[PDB]
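So basically every Cβ, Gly included, is an ideal-geometry build from the backbone, and we count neighbours across all protein chains shown. Only the coordinates and a few stated rules stand behind these numbers; no lab work does.
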């Protein structure tokens, strides 16, 4: 999950520069077009100490992918608009042949 | 589904324009179309899973797009041509994959170069075992990823370096990587828990040292004793190291005896169990 | 200006003229404007909840786009037209999904094709239940996902191949399938803890097979047998074929209840378990 | 025993909380995949259309 | 004897599982004739053929004791080759067998006259191939044994 | 002197059932994030090969005016 959430940085890398290209490529189109129980009492507590590992990483591992959902909240609209902008710029970039 | 006649009729079309063939304008539309012709020609072999012939037929279209003035998708056509002998068993995907990175870097660029450079490294480690080359590929790739501030893959490709470079011979470049990643990992809230096993690996790497180099990093390390996860960081080492100094190889097995149960042991650490007892027996007999 | 008017207004401009209305060109500039009218029309048919002239309008938006020069975005609109009839009541999305794969594969874009090659298998298994052809799409699509090296995509498809080999009752092929994929999971630490279950699938697929393949494929799986999911995976199986080769259904059907108490069984597993449950009874009495 | 029971019960409902997260996750994972594939063809045919453009105005 | 690939199958009925005969089809080989099953270089096992009308040509039917001696089950690739014995020093003149009841839910203490058993033994398993340690089952007065 | 053993049985098998439940929701979870994880590898092409179309194209669109 760490490495896949850190891939999100290269996702950002792609989307910002594509978005950059579409603000500039916007320009060229119009420019060109127009006791074991007492051991058990310790074993159960050995695991009571382990459930610390459980609850700590549990509470921790919750928040990250929520943060990733906000990172996705970045991705979604800047992707959908860019899907629109590529197609309109492309249809313009095909109608200027003549 | 005409694979043959395309290849022959494009022979006069893979043709520069100084002739009656030239006419008025260039032949840079003809060869441009021909690239798609050879692509489709390889495509209809590929569909019949003739990948061996298909990749060589894609080498045509991928070669001819460069000829017009386009490194742009000719490198994508090399990626495509490499997918043939990558998916197909035999070689020379190695060639087109080396063609693609040099072309992307000759575009003035960095990312996709490293992206396929580790693909080459995967081939040259997993298939064509050339660790002395593929490890250098991960090294350079990680160097580019530092040049992109995706320390993500800067750390990943270096873990791929050091995990094998350690058992091979080299325990210092190893801990260099494993301290680099652990120290850059206590920074992030995403990374600090991966840093536990990273400083563990940074601690494990011994040049047959009978000293506390693992426990040395521990005396640096942020165990945070209430956090029991670092018993998989030091408590192993805490127990076995005294054994190693004080004539107790026999006691050394009883650590993995339980740690293999509370953590199923992989190849690297198990081979390291054998390797650091090669350091035992190179203190005792070897 | 309604969706119904767009169809007939595009019908005015679709005419292939050869007159002073044409001049020298045909209607190559006009087949795009027709496709544009349908690009708006197919959009707003769904807006009126038509769902059936919707899908036909999504078809028509690309149908005329074929004759311009451009199958590609016409193909995307075929996929969209398949998203019309699919969500709608009738079929004929399945047709446009043929129309799509025959185009994206005709360039080499196997992944985009495979996005809905699987969805074709989804309709042909859920709706138009054609499980030999549905599996001919899961397995074939898995071959495409491995074409671009994605192993886990093909493991997802091949579990549809082999998961429904139980309901297709092809246990001899199911045991042929779950082996290589679990071996591809022992390598992966990302995937290992389902690998025991993967070989359990290969293990349990019995047609009353008393090969020790059932007793050996679990042995192949490198395994610390006092591990923590193995008590519910492997020694389970040894207990169950302890009773089958006992010619006893009593303890064979006691341990199945012993196990469901600790991990609730599902339709596929439980069906396979009662499939083998009939196999003991098919030899004890008769 | 009862303290430990409750302490486990914490992680129990927290597991259910992380599944309550996956209900959103799977949706996000799907819809990002829905556009990821879609953009590559719009990009390749845009490169094609620009190829048609650049040949007219050498 | 050159050896043909065969598919290990299951014994059709209980009669031939009481013969310890590598049950085959009449389409391929002949009852009485002996063969040698090969599974690997380190496993060569010898069997008696006894054809049967319900065997698939290209697959050999084996009973549970023989498979539990042969390590075989339903639908495995094996190489079956005709094997001709040497009747100079291989005809059996004295053979000890360790016997015991097969199914443990019908154990009694009744006596079974061995002279009658050994006589009916040869009357049933004549011209059959028996190796040291080979395991099978004998039917004496409608009773299952583990020989 | 047996009811507390029965609690030692019952409350702790209950506890083990809490373990079973969280471990089963976790053999869900590990596989949830597993199966999601490869979709990122599906992006892995469409994230920069997509850029390989975009920048390599607009380097031409800006040269298409020329």
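Structure values in brief
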| quantity | calculated |
| --- | --- |
| Rg to Rh quotient for chain A, alpha carbon positions, Kirkwood Rh | 1.46 |
| Helix axis angle, B:151-168 relative to chain B longest principal axis, alpha carbon, degrees | 60 |
| Percent RCO, i.e. relative contact order, over the range B:183-286, from Cα pairs under 8 Å lying at least 6 residues apart | 21 |
| At 7 Å out from Cα toward Cβ: residue B:267 inter-copy label distances (nm, ascending) | 4.0 |
| In Å, descending, principal axis extents of the Cα set of chain D | 83, 15, 8 |
| Solvent-free Debye scattering, log10 I(q)/I(0), computed from the Cα coordinates of the range B:196-274 at q = 0.18, 0.24, 0.26, 0.27 Å⁻¹ | -0.73, -1.35, -1.55, -1.61 |
| Percent RCO, i.e. relative contact order, over chain B, from Cα pairs under 8 Å lying at least 6 residues apart | 8 |
| Value in Å of the Kirkwood radius, where the range B:140-286 supplies the Cα pairs that are averaged | 15.9 |
| Number of partner chain Cβ atoms within 10 Å, mean per residue of C:72-81 | 2 |
| Within 10 Å of each Cβ in C:112-118, the average number of Cβ atoms from other chains | 2 |
| All-pairs alpha carbon distance profile, chain E, 10 Å steps from 0, percent | 11, 41, 33, 13, 2 |
| Within the protein assembly as shown, percent of DSSP bridges classed antiparallel, to nearest 5 | 65 |
| Proxy reagent accessibility, fewest Cβ within 10 Å first, across F:3, B:152, C:255, E:109 | E:109, F:3, C:255, B:152 |
| Intensity falloff of the protein assembly as shown expressed as log10 I(q)/I(0), Debye formula with alpha-carbon point scatterers, at q = 0.06, 0.11 Å⁻¹ | -0.61, -1.43 |
| Highest-first arrangement of C:193-200, C:218-225, C:178-185, where packing means the average Cβ count within 10 Å | C:193-200, C:178-185, C:218-225 |
| On Cα atoms only, tilt of D:2-54 relative to the major axis of chain D in degrees | 0 |
| Equivalent ellipsoid semi-axes - Cα gyration tensor, the range B:22-82, angstrom | 23, 13, 7 |
| FRET efficiency, residue B:257 to residue A:37 (Cβ-Cβ, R0 41 Å, nearest 0.05) | 0.95 |
| Label distances, nm, residue C:22 versus same residue in remaining copies, Cβ-directed 7 Å point | 3.6 |
| In nm, spacing of pseudo-spin labels at residue E:135 and residue C:5 (7 Å Cα→C-beta vector) | 8.8 |
| Helical mean residue ellipticity (222 nm; -39500 (n - 2.57) per DSSP H run of 4+; nearest 500) of chain B | -21500 deg cm²/dmol |
| Zone of residue A:55's modelled label, taken as backbone nitrogen in the range B:211-242 under 15 Å from a point 7 Å along Cα→Cβ | B:227-228 |
| Rounded to 10°, Cα long-axis angle of helix C:3-13 versus longest principal axis of chain C | 60 |
| Listed peptides B:115-124, F:37-46 by packing density, highest first (mean Cβ within 10 Å) | B:115-124, F:37-46 |
| Convex hull volume per residue for chain F, taking Cα atoms only, in Å³ | 56 |
| Average Cα contact separation per residue, the range C:92-189, under 8 Å, 6 or more apart, as relative contact order % | 18 |
| The range B:77-170: C-alpha pair distances exceeding 18 Å, % | 45 |
| Inter-site label distance for residue D:6 and residue D:27 at 7 Å from Cα along Cβ, in nm | 3.5 |
| Pseudo-label separations to other copies for residue C:283 - Cα-to-Cβ vector, 7 Å, nm | 5.7 |
| Separation of the residue E:109 and residue C:250 label points, Cα + 7 Å toward Cβ, nm | 2.3 |
| Separation of alpha-carbon centers, the range B:6-31 and the range A:5-73, rounded to whole Å | 53 |
| For chain B, the Rg and Dmax computed from alpha carbons only, in angstrom | 26.6, 90 |
| Rg/Rg_ref, the range B:158-215, where Rg_ref = 2.2 N^0.38 Å and atoms are Cα | 1.09 |
| Inter-chain Cβ neighbour average for residues A:52-62, partner chain, 10 Å | 6 |
| Helix-only CD estimate at 222 nm, as mean residue ellipticity for chain D, using -39500 (n - 2.57) per DSSP H run (n ≥ 4) | -34500 deg cm²/dmol |
| For chain A, calculated [θ]222 nm from helices alone, where every DSSP H run of n ≥ 4 adds -39500 (n - 2.57) | -33500 deg cm²/dmol |
